[PDB]
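Have a look at the structure below, then the notes.
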Amino acid sequence: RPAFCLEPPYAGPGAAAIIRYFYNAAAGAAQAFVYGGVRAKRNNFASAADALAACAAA
């Protein structure tokens, strides 16, 4: 599990309201969050599927 998969989700300072996905390692699940459209961190994906493939590979 890459270390970045343990980051809390990071909205950033942007004013957009974009639906993105992060890997919630405690929950064992990819979950939606609101991304502001700028200053993304790595635990930020287009889909649940993308998040799982990077962070819950098995």
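Just so you know, the deposited numbering puts the end of the sequence shown at 1058, numbered straight through with nothing missing. The C-beta atom is built at its ideal place from N, Cα and C for all residues, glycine as well.
Contact under 8 Å by Cβ, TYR1021 with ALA1030 | For the purposes of this step, residue 1021 is identified with residue 21 of the sequence shown, where counting begins at 1. For the purposes of this step, residue 1030 is identified with residue 30 of the sequence shown, where counting begins at 1. In contact: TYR1021 and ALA1030 (Cβ atoms closer than 8 Å).
Return the Cβ separation of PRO1009 and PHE1033 in integer angstroms, given the expectation that the two are a contact with Cβ distance under 8 Å.
-> As a first step, residue 1009 must be located in the sequence shown, where it is residue number 9. As a first step, residue 1033 must be located in the sequence shown, where it is residue number 33. Yes, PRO1009 and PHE1033 are in contact; Cβ-Cβ is about 4 Å, under 8 Å.
Count the other CB atoms within 10 Å of the CB of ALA1051; is the residue buried (16 or more) or exposed (fewer)?
-> What you label residue 1051 is simply residue 51 of the sequence shown in a count that begins at 1. With 16 or more other Cβ atoms within 10 Å, it is buried.
Straight-line Cα distance separating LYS1041 from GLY1012 = Start at 1 with the first residue of the sequence shown, and residue 1012 comes out as number 12. Start at 1 with the first residue of the sequence shown, and residue 1041 comes out as number 41. In a straight line, the C-alpha of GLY1012 is about 9 Å away from that of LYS1041.
Determine the DSSP secondary structure at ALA1029, reduced to helix, strand or coil.
-> As a first step, residue 1029 must be located in the sequence shown, where it is residue number 29. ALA1029 falls in the strand class under three-state DSSP.
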